[PDB]
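Encoded as structure tokens, the structure appears first; notes follow it.
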Amino acid sequence: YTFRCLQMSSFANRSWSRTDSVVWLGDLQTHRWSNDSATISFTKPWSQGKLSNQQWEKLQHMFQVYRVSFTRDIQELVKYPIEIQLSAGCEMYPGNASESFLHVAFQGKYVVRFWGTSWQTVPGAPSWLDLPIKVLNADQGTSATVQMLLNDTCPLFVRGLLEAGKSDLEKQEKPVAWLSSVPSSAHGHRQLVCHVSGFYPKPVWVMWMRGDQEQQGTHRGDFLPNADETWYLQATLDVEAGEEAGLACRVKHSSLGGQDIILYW
Amino acid sequence: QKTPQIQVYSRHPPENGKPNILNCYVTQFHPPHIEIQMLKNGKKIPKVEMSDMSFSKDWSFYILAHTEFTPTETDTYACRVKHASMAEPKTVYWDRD
Ligand SMILES: CCCCCCCCCCCCCCC[C@@H](O)[C@H](CO[C@H]1O[C@H](C(=O)O)[C@H](O)[C@H](O)[C@H]1O)NC(=O)CCCCCCCCCCCCC
Ligand SMILES: *[C@@H]1O[C@H](CO)[C@@H](O[C@@H]2O[C@H](CO)[C@@H](O)[C@H](O)[C@H]2NC(C)=O)[C@H](O)[C@H]1NC(C)=O
Ligand SMILES: CCCCCCCCCCCCCCCC(=O)O
Ligand SMILES: *[C@@H]1O[C@H](CO)[C@@H](O)[C@H](O)[C@H]1NC(C)=O
Ligand SMILES: *[C@@H]1O[C@H](CO)[C@@H](O)[C@H](O)[C@H]1NC(C)=O
């Protein structure tokens, strides 16, 4: 599981800026924090994890001060349109192991990370960042706080989320599939489409088949989100008209027990 | 600066006359400022819900719009996007097939 906190800050000029944040645990949103809101909003029953109200309030306060300081520091540095994104969190591995990260992009490009005990520019980042990053590193209060958040608080908080959020994280939702076709660009050919929607979790197997034989022309699309915390995917096959007979789409998913969906064209 | 990609798809198998949900998934764009409309027969659908703006590992932004709809033999549905990266709004039509 990758836990990520995403910050999106836009500065249009000296007197217009906003920052919005969202937080994900794998593919499930756990928090939102609008520019218009003083406080971080929960998007799950279990968004506080195992933290007490006191621990949560202390954490939220730290972020409230950060959001204000960050905006002031950027407007100060700029002495437009500027887009800054920050992605921070941790990847949780089997056996209580984790790895934390904090990356920053400027104008859509990765330029800075926090690594170990300091802020570092990435090779290729513009040279004008070297000095402000130096100055930032002089702020040992901030460096120590970031170290604690990354090394300590992040994995601790996520362990709690994983417990508290068990019934959602471990949910199984069954795919429903259906078949369609369109003419292809190419006289006498058709594109067959197998649509698979409503499944959770994400891992799925979808193949066009002729009997036991996988059709290697099967072209899987991207995973597309539904609005109800389930997934959508389609897989297409270009066929010569005539050759359509005998084809099936087969889908395997954890929620199906061990009974694959097979639809026949 | 990156141009939005748009994909339009239904939550459930479409059946004419049966209520469903139409999704418009907009991806790969930068900057995050975007306008997304969903249209029925060329007219704006008033009740459209939007996900919170988020971004991927490659830093590009994405957003999911969705609306209740009931497919019909003759009604056309589309998702129309305006973004700084494009001189003209981009429209993609839902195609059940
Ligand atoms: C054209 C501009 C391009 C910029 C390019 C990118 C810039 C790199 C971005 C580097 C991040 C800037 C961090 C600055 C934050 C500090 O100003 C802030 C305030 O520091 C002051 O107050 C502190 C306090 O009261 O807590 C300390 O006392 C400190 O000594 C004092 O100087 N520091 C903090 O708020 C500390 C904790 C912040 C954690 C930073 C990571 C947050 C990421 C969380 C994920 C998303 C959250 C929305
Ligand atoms: C947070 O973890 C980082 C990464 O392990 C620590 O930075 C390391 O500190 C050790 C021990 O002093 C050094 O030997 C390494 O050089 C540092 N690692 C890297 C990759 O830079 C950091 O000290 C930890 N901070 C806290 C407060 O626990
Ligand atoms: C150095 C900052 C890195 C961020 C890691 C944060 C670890 C604490 C986890 C608390 C996350 C709760 C969501 C709040 C974050 C937000 O709203 O932006
Ligand atoms: C700053 O940007 C905002 C939002 O784009 C805009 O409304 C405002 O006119 C700008 N202010 C100035 C001084 O140009
Ligand atoms: C975002 O919130 C800040 C702090 O409350 C506020 O000053 C600013 O006007 C808000 N941004 C916008 C564009 O609404």
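Just remember, in the structure tokens the first chain shown is A, the second B, etc., residues are 1-based per chain, and ligands are 1-based in the order shown.
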
Within 12 Å of ligand 2, counting only C-alpha atoms and all ligand atoms, which protein or nucleic acid residues do you find, written as an mmCIF file with N, CA, C and O atoms, in the first residue's frame?
```cif
data_model
loop_
_atom_site.group_PDB
_atom_site.id
_atom_site.type_symbol
_atom_site.label_atom_id
_atom_site.label_comp_id
_atom_site.auth_asym_id
_atom_site.auth_seq_id
_atom_site.Cartn_x
_atom_site.Cartn_y
_atom_site.Cartn_z
ATOM 1 N N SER A 98 8.702 -0.077 5.851
ATOM 2 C CA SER A 98 8.177 0.984 5.004
ATOM 3 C C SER A 98 9.278 1.868 4.424
ATOM 4 O O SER A 98 10.428 1.825 4.858
ATOM 5 N N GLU A 99 8.924 2.650 3.417
ATOM 6 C CA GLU A 99 9.817 3.648 2.854
ATOM 7 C C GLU A 99 9.010 4.943 2.632
ATOM 8 O O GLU A 99 7.962 4.915 1.954
ATOM 9 N N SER A 100 9.491 6.059 3.190
ATOM 10 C CA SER A 100 8.798 7.339 3.063
ATOM 11 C C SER A 100 9.393 8.189 1.943
ATOM 12 O O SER A 100 10.540 7.982 1.519
ATOM 13 N N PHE A 101 8.628 9.170 1.467
ATOM 14 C CA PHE A 101 9.086 9.998 0.359
ATOM 15 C C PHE A 101 8.442 11.354 0.474
ATOM 16 O O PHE A 101 7.366 11.494 1.076
ATOM 17 N N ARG A 113 13.405 17.030 -3.615
ATOM 18 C CA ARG A 113 12.909 16.054 -2.653
ATOM 19 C C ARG A 113 13.506 16.342 -1.279
ATOM 20 O O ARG A 113 14.503 17.064 -1.155
ATOM 21 N N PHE A 114 12.876 15.774 -0.259
ATOM 22 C CA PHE A 114 13.502 15.674 1.050
ATOM 23 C C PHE A 114 14.106 14.289 1.115
ATOM 24 O O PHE A 114 13.422 13.271 0.840
ATOM 25 N N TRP A 115 15.390 14.229 1.447
ATOM 26 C CA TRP A 115 16.088 12.954 1.496
ATOM 27 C C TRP A 115 16.956 12.878 2.756
ATOM 28 O O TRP A 115 17.865 13.686 2.930
ATOM 29 N N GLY A 116 16.630 11.949 3.643
ATOM 30 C CA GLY A 116 17.399 11.777 4.875
ATOM 31 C C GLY A 116 17.198 12.845 5.934
ATOM 32 O O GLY A 116 16.343 12.718 6.809
ATOM 33 N N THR A 117 18.014 13.886 5.857
ATOM 34 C CA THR A 117 17.943 15.027 6.789
ATOM 35 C C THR A 117 17.858 16.381 6.092
ATOM 36 O O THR A 117 17.853 17.420 6.764
ATOM 37 N N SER A 118 17.798 16.411 4.766
ATOM 38 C CA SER A 118 17.772 17.718 4.088
ATOM 39 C C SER A 118 16.974 17.732 2.807
ATOM 40 O O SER A 118 16.743 16.658 2.215
ATOM 41 N N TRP A 119 16.610 18.947 2.388
ATOM 42 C CA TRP A 119 16.013 19.221 1.088
ATOM 43 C C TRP A 119 17.127 19.209 0.032
ATOM 44 O O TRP A 119 18.206 19.782 0.249
ATOM 45 N N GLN A 120 16.864 18.566 -1.103
ATOM 46 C CA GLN A 120 17.867 18.453 -2.173
ATOM 47 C C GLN A 120 17.193 18.748 -3.512
ATOM 48 O O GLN A 120 16.060 18.294 -3.739
ATOM 49 N N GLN A 140 16.414 24.352 10.873
ATOM 50 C CA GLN A 140 16.510 23.031 11.499
ATOM 51 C C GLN A 140 15.201 22.586 12.155
ATOM 52 O O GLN A 140 14.944 21.393 12.254
ATOM 53 N N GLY A 141 14.380 23.542 12.589
ATOM 54 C CA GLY A 141 13.054 23.244 13.151
ATOM 55 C C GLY A 141 12.207 22.523 12.119
ATOM 56 O O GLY A 141 11.637 21.457 12.386
ATOM 57 N N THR A 142 12.174 23.070 10.905
ATOM 58 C CA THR A 142 11.427 22.444 9.817
ATOM 59 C C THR A 142 12.018 21.095 9.405
ATOM 60 O O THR A 142 11.282 20.121 9.277
ATOM 61 N N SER A 143 13.345 21.030 9.254
ATOM 62 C CA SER A 143 14.030 19.782 8.932
ATOM 63 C C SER A 143 13.724 18.672 9.947
ATOM 64 O O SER A 143 13.387 17.542 9.562
ATOM 65 N N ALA A 144 13.817 18.995 11.236
ATOM 66 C CA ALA A 144 13.507 17.997 12.285
ATOM 67 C C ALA A 144 12.050 17.527 12.233
ATOM 68 O O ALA A 144 11.783 16.337 12.397
ATOM 69 N N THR A 145 11.109 18.453 12.035
ATOM 70 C CA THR A 145 9.674 18.121 11.914
ATOM 71 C C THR A 145 9.408 17.174 10.722
ATOM 72 O O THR A 145 8.734 16.123 10.874
ATOM 73 N N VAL A 146 9.966 17.536 9.560
ATOM 74 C CA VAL A 146 9.841 16.702 8.363
ATOM 75 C C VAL A 146 10.399 15.293 8.599
ATOM 76 O O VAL A 146 9.748 14.306 8.278
ATOM 77 N N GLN A 147 11.613 15.197 9.156
ATOM 78 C CA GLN A 147 12.191 13.894 9.547
ATOM 79 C C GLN A 147 11.286 13.043 10.445
ATOM 80 O O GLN A 147 11.103 11.844 10.198
ATOM 81 N N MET A 148 10.700 13.656 11.463
ATOM 82 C CA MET A 148 9.783 12.941 12.333
ATOM 83 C C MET A 148 8.545 12.480 11.550
ATOM 84 O O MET A 148 8.083 11.344 11.701
ATOM 85 N N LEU A 149 8.017 13.360 10.704
ATOM 86 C CA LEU A 149 6.793 13.044 9.957
ATOM 87 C C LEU A 149 7.051 11.852 9.056
ATOM 88 O O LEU A 149 6.250 10.899 9.022
ATOM 89 N N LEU A 150 8.151 11.916 8.310
ATOM 90 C CA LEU A 150 8.489 10.869 7.352
ATOM 91 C C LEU A 150 8.914 9.545 8.017
ATOM 92 O O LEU A 150 8.435 8.458 7.625
ATOM 93 N N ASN A 151 9.804 9.630 9.014
ATOM 94 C CA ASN A 151 10.402 8.413 9.612
ATOM 95 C C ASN A 151 9.462 7.735 10.588
ATOM 96 O O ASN A 151 9.483 6.520 10.720
ATOM 97 N N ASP A 152 8.674 8.541 11.286
ATOM 98 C CA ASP A 152 7.893 8.120 12.430
ATOM 99 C C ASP A 152 6.387 8.180 12.161
ATOM 100 O O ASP A 152 5.709 7.149 12.165
ATOM 101 N N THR A 153 5.868 9.395 11.982
ATOM 102 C CA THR A 153 4.426 9.626 12.019
ATOM 103 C C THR A 153 3.743 8.948 10.841
ATOM 104 O O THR A 153 2.684 8.354 11.004
ATOM 105 N N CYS A 154 4.340 9.060 9.655
ATOM 106 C CA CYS A 154 3.733 8.477 8.458
ATOM 107 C C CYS A 154 3.430 6.974 8.586
ATOM 108 O O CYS A 154 2.264 6.582 8.529
#
```

Give me the residues of chain A that have any atom at most 10 Å from an atom of ligand 4; for each, the nearest atom pair and the distance in Å, rounded to one decimal. Use only C-alpha atoms and all ligand atoms, sort by chain and number, and format it as JSON lines.
```
{"residue": "A:10", "atom": "CA", "partner": "ligand 4", "partner_atom_place_in_ligand_line": "5 (O)", "distance": 9.8}
{"residue": "A:11", "atom": "CA", "partner": "ligand 4", "partner_atom_place_in_ligand_line": "2 (O)", "distance": 8.0}
{"residue": "A:12", "atom": "CA", "partner": "ligand 4", "partner_atom_place_in_ligand_line": "2 (O)", "distance": 4.7}
{"residue": "A:13", "atom": "CA", "partner": "ligand 4", "partner_atom_place_in_ligand_line": "1 (C)", "distance": 4.8}
{"residue": "A:14", "atom": "CA", "partner": "ligand 4", "partner_atom_place_in_ligand_line": "1 (C)", "distance": 7.0}
{"residue": "A:15", "atom": "CA", "partner": "ligand 4", "partner_atom_place_in_ligand_line": "1 (C)", "distance": 6.0}
{"residue": "A:16", "atom": "CA", "partner": "ligand 4", "partner_atom_place_in_ligand_line": "1 (C)", "distance": 4.9}
{"residue": "A:17", "atom": "CA", "partner": "ligand 4", "partner_atom_place_in_ligand_line": "2 (O)", "distance": 7.8}
{"residue": "A:18", "atom": "CA", "partner": "ligand 4", "partner_atom_place_in_ligand_line": "4 (C)", "distance": 9.9}
{"residue": "A:80", "atom": "CA", "partner": "ligand 4", "partner_atom_place_in_ligand_line": "2 (O)", "distance": 9.6}
{"residue": "A:81", "atom": "CA", "partner": "ligand 4", "partner_atom_place_in_ligand_line": "5 (O)", "distance": 8.7}
```

Could you tell me which residues of chain B sit within 12 Å of chain A when counting only C-alpha atoms, and give me the result as a PyMOL selection string? chain B and resi 1-2+6-15+21-33+48-68+84+95-97

List the neighbours of residue 44 in chain B out to 10 Å using only C-alpha atoms; skip same-chain residues closer than 3 positions along the sequence, and give me the result as an MDAnalysis selection string. chainID B and resid 37:41 47:48 77:80

Excluding residue 170 in chain A and any residue of its chain fewer than 4 positions from it, enumerate the residues within 10 Å of it, using only C-alpha atoms, and give them as a ChimeraX atom specification. /A:162,165-166,200-201

Taking only range 79-204 of chain A into account, list the residues labelled helix (DSSP H, G or I) by DSSP (computed from the backbone), as number ranges by chain. A: 127-137, 140-164, 166-169

Could you give me, as number ranges by chain, each residue of range 56-97 of chain B that DSSP assigns to strand (DSSP E or B) when run on this structure's backbone? B: 61-69, 77-83, 90-93

Next, write the just-selected residues to a file, as a CSV table (one decimal), in the first residue's frame, keeping N, CA and C atoms as the atom set.
```csv
chain,number,residue,atom,x,y,z
B,61,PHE,N,-2.6,15.9,-14.1
B,61,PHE,CA,-3.8,16.0,-13.3
B,61,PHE,C,-4.9,15.1,-13.9
B,62,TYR,N,-5.8,14.7,-13.0
B,62,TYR,CA,-7.0,13.9,-13.5
B,62,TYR,C,-8.2,14.2,-12.7
B,63,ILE,N,-9.4,14.0,-13.3
B,63,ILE,CA,-10.6,14.4,-12.6
B,63,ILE,C,-11.7,13.5,-13.3
B,64,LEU,N,-12.6,13.0,-12.4
B,64,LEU,CA,-13.8,12.2,-12.9
B,64,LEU,C,-15.1,13.0,-12.8
B,65,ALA,N,-15.7,13.3,-13.9
B,65,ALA,CA,-17.1,13.8,-13.8
B,65,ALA,C,-18.1,12.7,-14.0
B,66,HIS,N,-19.3,12.8,-13.4
B,66,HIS,CA,-20.3,11.8,-13.7
B,66,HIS,C,-21.7,12.3,-13.5
B,67,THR,N,-22.7,11.7,-14.2
B,67,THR,CA,-24.1,12.1,-14.1
B,67,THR,C,-25.0,10.9,-14.3
B,68,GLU,N,-26.2,11.0,-13.6
B,68,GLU,CA,-27.2,10.0,-13.9
B,68,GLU,C,-27.7,10.2,-15.3
B,69,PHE,N,-28.0,9.2,-16.1
B,69,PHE,CA,-28.6,9.3,-17.4
B,69,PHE,C,-29.4,8.0,-17.7
B,77,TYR,N,-24.9,11.7,-26.1
B,77,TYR,CA,-24.3,12.3,-24.9
B,77,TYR,C,-22.8,12.5,-25.2
B,78,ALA,N,-22.3,13.6,-24.6
B,78,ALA,CA,-20.9,14.0,-24.9
B,78,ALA,C,-20.3,14.7,-23.6
B,79,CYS,N,-19.0,14.7,-23.6
B,79,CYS,CA,-18.2,15.4,-22.6
B,79,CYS,C,-17.4,16.4,-23.3
B,80,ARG,N,-17.5,17.7,-22.9
B,80,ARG,CA,-16.8,18.8,-23.6
B,80,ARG,C,-15.9,19.5,-22.5
B,81,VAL,N,-14.6,19.7,-22.9
B,81,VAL,CA,-13.6,20.2,-22.0
B,81,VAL,C,-13.0,21.5,-22.6
B,82,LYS,N,-12.8,22.5,-21.7
B,82,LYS,CA,-12.0,23.7,-22.1
B,82,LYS,C,-10.8,23.8,-21.2
B,83,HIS,N,-9.6,24.0,-21.9
B,83,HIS,CA,-8.3,24.0,-21.1
B,83,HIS,C,-7.4,25.0,-21.9
B,90,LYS,N,-12.6,20.7,-26.5
B,90,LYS,CA,-12.5,19.3,-27.1
B,90,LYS,C,-13.8,18.5,-26.6
B,91,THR,N,-14.4,17.9,-27.6
B,91,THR,CA,-15.7,17.1,-27.3
B,91,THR,C,-15.4,15.7,-27.7
B,92,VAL,N,-15.8,14.8,-26.7
B,92,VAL,CA,-15.9,13.4,-27.1
B,92,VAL,C,-17.3,12.8,-26.8
B,93,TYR,N,-17.8,12.1,-27.8
B,93,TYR,CA,-19.2,11.6,-27.6
B,93,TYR,C,-19.2,10.2,-27.0
```

Identify, on the basis of only C-alpha atoms, every residue whose closest approach to residue 123 in chain A does not exceed 10 Å; exclude the query and any residue fewer than 2 positions from it along the same chain; express the result as a PyMOL selection string. chain A and resi 110-112+120-121+125-127

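Pairwise distance (atom 8 (C, counted along the ligand's line) of ligand 1, CA of residue 77 in chain A) equals 10.2 Å.
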
Give me the residues within 6 Å of residue 248 in chain A as a PyMOL selection string, counting only C-alpha atoms and dropping any in the same chain fewer than 3 places off. chain A and resi 208-209+263-265

For the residues in that selection, give me C-alpha atoms as a compact mmCIF listing (two decimals), in the first residue's frame.
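Below you can see result27.txt, which holds the result:
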```txt
# COMPACT_ATOMS: atom_id res chain seq x y z
CA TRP A 208 -10.54 -12.87 -25.95
CA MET A 209 -10.57 -16.68 -26.43
CA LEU A 263 -19.35 -14.27 -22.63
CA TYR A 264 -19.84 -15.62 -26.16
CA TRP A 265 -19.97 -13.46 -29.30
```

Which of A:46, A:157, A:66, A:93 sits closest to ligand 3 [using only C-alpha atoms and all ligand atoms]: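 Of the candidates, the smallest distance to ligand 3 is held by A:157.
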
For ligand 3, which residue out of A:95, A:132, A:124, A:160 is the nearest one, using only C-alpha atoms and all ligand atoms?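 Distance minimum relative to ligand 3 lands on A:160.
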